[PDB]
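Following: one structure in structure tokens, then a few remarks.
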Amino acid sequence: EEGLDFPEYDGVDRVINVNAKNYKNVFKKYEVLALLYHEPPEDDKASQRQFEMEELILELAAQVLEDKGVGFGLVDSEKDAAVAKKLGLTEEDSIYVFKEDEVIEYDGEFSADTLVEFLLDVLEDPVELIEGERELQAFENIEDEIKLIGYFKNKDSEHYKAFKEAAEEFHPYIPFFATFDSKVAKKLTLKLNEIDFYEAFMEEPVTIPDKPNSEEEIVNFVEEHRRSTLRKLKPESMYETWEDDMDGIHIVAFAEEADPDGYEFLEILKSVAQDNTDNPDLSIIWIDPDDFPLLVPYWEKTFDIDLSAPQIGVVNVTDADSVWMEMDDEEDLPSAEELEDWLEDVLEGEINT
Ligand SMILES: *[C@@H]1O[C@H](CO)[C@@H](O[C@@H]2O[C@H](CO)[C@@H](O[C@@H]3O[C@H](CO)[C@@H](O)[C@H](O[C@H]4O[C@H](CO)[C@@H](O)[C@H](O)[C@@H]4O)[C@@H]3O)[C@H](O)[C@H]2NC(C)=O)[C@H](O)[C@H]1NC(C)=O
Ligand SMILES: [Ca+2]
Ligand SMILES: [Ca+2]
Ligand SMILES: [Ca+2]
Ligand SMILES: [Ca+2]
Ligand SMILES: [Ca+2]
Ligand SMILES: [Ca+2]
Ligand code: NA
Ligand code: NA
Ligand code: NA
């Protein structure tokens with residue numbers, strides 16, 4: 001016999017050199033197009049190696065997604081300046097994703113797995129319809145991201161169309177769900193044309209006021225409620241989340257969800273978030289170390305902590321200086337009240353913002 005190999009990177013180049021002469025053709029060919037806006041080659045070996053790596057990561061993603069009609073291209077900030085201008089490419093060494101009439105400024109991990117998962121998400125339709133019990137339960141079980149759900153008469157409702165337009169503005173980062181089924185709406189407690197917004201990790205939704213809602217009303221509401229009290233650092237959005245600091249610091253909690261102590265600590269964090277949900281000055285970033293294996297050594301060294309145990313601290317975004325709460329693993333984890341008390345102590349006397 002033979003034994004067929006697992007798929008492997010084949011070393012065939014698929015990433016397109018996008019330029020003035022071909023960019024129109026390239027957009028016609030692909031339903032989803034990912035473009036890396038990058039700088040011309042520097043004379044130093046290090047920067048050249050960095051670009052070499054990035055381009056190869058794109059090549060791998062390009063091979064994986066070839067059959068699904070996702071295209072990958074490079075736009076040189078000098079050689080292709082006019083193209084960049086026309087497409088709105090501004091952020092140096094950054095990935096932009098195009099689908100129909102939407103442009104996405106990718107602000108996530110530059111890795112093949114993360115990029116492929118993201119682009120697969122981009123390919124999906126912007127609104128998820130709930131009809132069956134399995135789908136409803138799936139909706140209800142989402143906690144680690146903001147989600148919206150609306151009840152409409154049918155797909156031809158002017159108000160469903162507005163909801164879908166809003167959904168496209170945030171696709172694929174914020175899931176929008178709809179139902180046309182009165183029995184599903186009843187379980188969700190939605191009146192016709194009502195839209196419920198669920199903050200991450202919050203049990204109770206907030207209804208968008210003044211229904212029926214225009215596209216703008218929905219987009220306005222989502223933008224105002226973009227930052228959850230507790231938010232998870234996710235590969236797909238990590239840079240956006242981190243760059244959104246609270247007056248120069250982040251409260252950061254490490255917890256491994258799959259670990260007994262990590263799970264318990266997460267439940268405590270959720271309680272803290274719930275009890276402070278209307279405090280616009282509070283945002284905690286939850287990082288599950290299991291999601292970022294390549295950063296664990298760095299974090300353990302930089303923060304001087306053991307990531308096999310739950311941690312909570314405050315980090316200065318300018319220099320990564322930090323302070324972490326002492327917890328004895330021979331004792332029970334701190335209560336939500338204890339955590340809040342500690343945060344108050346640290347943020348009151350050690351913050352001159
Ligand atoms: C997060 O971390 C950053 C550190 O990377 C930190 O910013 C630093 O803050 C210090 C505070 O001491 C800045 O230094 C002072 O800034 C004041 C501004 O008013 C100056 O007057 C000071 O100069 C005086 O002090 C100097 C000695 O440090 C003297 O040489 C000078 O003549 C005056 O006496 C001094 O510059 C420091 O420069 C910044 N560095 C930055 C911003 O990069 C920030 O405080 C931390 N943020 C939080 C929220 O904790
Ligand atoms: Ca190019
Ligand atoms: Ca994704
Ligand atoms: Ca209701
Ligand atoms: Ca309205
Ligand atoms: Ca909140
Ligand atoms: Ca990762
Ligand atoms: Na998503
Ligand atoms: Na700062
Ligand atoms: Na985990």
Side-chain angles (χ1 to χ4, degrees), residues 31-32 68 99-102 104 117-232 234 236-237 257 263 266-267 269-271 273-275 277-278 286:
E31 184 205 335
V32 175
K68 283 177 176 292
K99 187 194 181 181
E100 289 160 351
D101 296 21
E102 301 294 327
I104 302 180
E117 290 208 33
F118 184 75
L119 295 168
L120 286 169
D121 289 341
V122 171
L123 282 161
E124 296 290 324
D125 291 340
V127 175
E128 308 177 49
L129 281 303
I130 296 178
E131 299 162 11
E133 264 294 338
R134 175 181 288 111
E135 293 173 339
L136 175 57
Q137 190 54 216
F139 168 79
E140 292 170 342
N141 291 331
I142 294 174
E143 77 164 10
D144 68 19
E145 61 190 337
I146 293 159
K147 63 193 181 180
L148 285 83
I149 185 150
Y151 168 39
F152 309 98
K153 188 177 180 178
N154 54 42
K155 71 178 177 61
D156 306 293
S157 168
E158 168 199 0
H159 308 306
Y160 172 74
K161 293 179 195 168
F163 185 77
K164 186 168 107 64
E165 296 288 336
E168 288 164 343
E169 291 276 18
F170 301 101
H171 183 71
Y173 298 104
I174 298 176
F176 277 55
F177 296 86
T179 188
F180 304 139
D181 193 338
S182 60
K183 71 186 177 189
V184 177
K186 196 172 183 181
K187 297 167 188 168
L188 296 166
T189 78
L190 290 169
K191 295 170 179 171
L192 190 69
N193 299 320
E194 269 202 335
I195 299 165
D196 274 2
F197 177 101
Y198 287 81
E199 179 182 335
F201 303 105
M202 297 293 156
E203 289 268 319
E204 298 303 315
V206 172
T207 303
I208 303 191
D210 299 328
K211 72 160 190 303
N213 302 119
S214 65
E215 171 190 340
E216 293 82 2
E217 280 175 354
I218 303 167
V219 171
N220 281 341
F221 187 95
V222 175
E223 283 297 341
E224 179 183 8
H225 297 80
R226 196 74 178 271
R227 188 191 297 117
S228 301
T229 302
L230 182 54
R231 51 185 171 165
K232 187 175 195 182
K234 294 177 176 176
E236 67 172 15
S237 53
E257 186 182 25
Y263 176 87
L266 173 60
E267 288 298 303
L269 296 175
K270 290 166 58 182
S271 294
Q274 167 54 229
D275 199 37
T277 194
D278 290 323
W286 166 34

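Just so you know, residue 1 is the first one in the sequence shown, and it goes up from there. The basis for the numbers below is simple: all heavy atoms, side chains too, and nothing from hydrogens, waters or symmetry mates.
Interatomic distance, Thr179 OG1 to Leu188 CG, rounded to the nearest 0.5 Å: 7.0 Å. Atom-to-atom distance recorded for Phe180:CZ and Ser157:OG is 8.0 Å, nearest 0.5 angstrom. With values rounded to the nearest 0.5 angstrom, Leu230 atom CG is found 7.0 Å from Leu266 atom CG. Once rounded to the nearest 0.5 Å, the distance linking CG of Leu269 with NZ of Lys232 reads 12.0 Å. Within the model, atoms CD1 of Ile130 and CD of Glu140 stand 8.0 Å from one another, a figure rounded to the nearest 0.5 Å. For the atom pair CG of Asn141 and CG of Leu136, the computed distance is 9.5 Å after rounding to the nearest 0.5 Å.
When every heavy atom of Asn213 is checked against every heavy atom of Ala162, the shortest pair comes out as O-CB, 3.8 Å. When every heavy atom of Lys68 is checked against every heavy atom of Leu120, the shortest pair comes out as CD-CD2, 3.5 Å. Residues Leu129 and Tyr160 approach most closely at CD2-OH, 3.9 Å, considering heavy atoms. Of all heavy-atom pairs between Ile218 and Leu148, the closest is CG2-CD2, 4.2 Å.
Side-chain contact between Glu217 and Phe221 is absent, with no heavy-atom pair separated by less than 4.5 Å. Using a 4.5 Å cut-off on side-chain heavy atoms (C-beta onward), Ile104 and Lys99 make no contact.
Contacts of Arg226 classified as salt bridge (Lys or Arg N to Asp or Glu O under 4.0 Å), with partners at least two apart in sequence or in another chain: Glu223, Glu240. For the salt bridge (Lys or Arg N to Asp or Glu O under 4.0 Å) test, residues two or more places apart in sequence or in another chain that qualify with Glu145 are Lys234. Checked against ring pair (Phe, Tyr, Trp, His ring centres under 6.0 Å), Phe177 has the following partners two or more places apart in sequence or in another chain: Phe139. Residues that satisfy the side chain to side chain donor-acceptor pair (under 3.5 Å) test with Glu31, not counting sequence neighbours, are absent from this structure. With sequence neighbours excluded, the residues satisfying side chain to side chain donor-acceptor pair (under 3.5 Å) with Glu133 are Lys187. Partners of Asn193 according to the side chain to side chain donor-acceptor pair (under 3.5 Å) rule, which considers only residues two or more places apart in sequence or in another chain, do not exist here. By the side chain to side chain donor-acceptor pair (under 3.5 Å) test, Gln274 is found to be paired with no residue, residues two or more places apart in sequence or in another chain being considered. In this structure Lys191 satisfies the side-chain contact (heavy atoms from CB on, under 4.5 Å) test together with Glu194, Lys211, sequence neighbours excluded. Scored by the salt bridge (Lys or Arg N to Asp or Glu O under 4.0 Å) test, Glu143 finds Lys270 as partners (sequence neighbours excluded).
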Identify all side-chain donor-acceptor contacts of residues 195-207 below 3.5 Å with residues at least two apart in sequence or on another chain.
residue, atom, partner, partner atom, Å
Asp196, OD1, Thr207, OG1, 2.8
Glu199, OE1, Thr277, OG1, 3.2
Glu199, OE2, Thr229, N, 2.9
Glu199, OE2, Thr229, OG1, 3.0

Table please: side-chain donor-acceptor pairs of residues 167-175 below 3.5 Å, with sequence neighbours left out.
residue, atom, partner, partner atom, Å
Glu168, OE2, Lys164, NZ, 3.0
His171, NE2, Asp121, O, 3.3
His171, NE2, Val122, O, 3.0
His171, NE2, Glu124, O, 3.1

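Pairs engaging residues 148-162 under the salt bridge (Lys or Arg N to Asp or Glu O under 4.0 Å) rule: none recorded [sequence neighbours left out].
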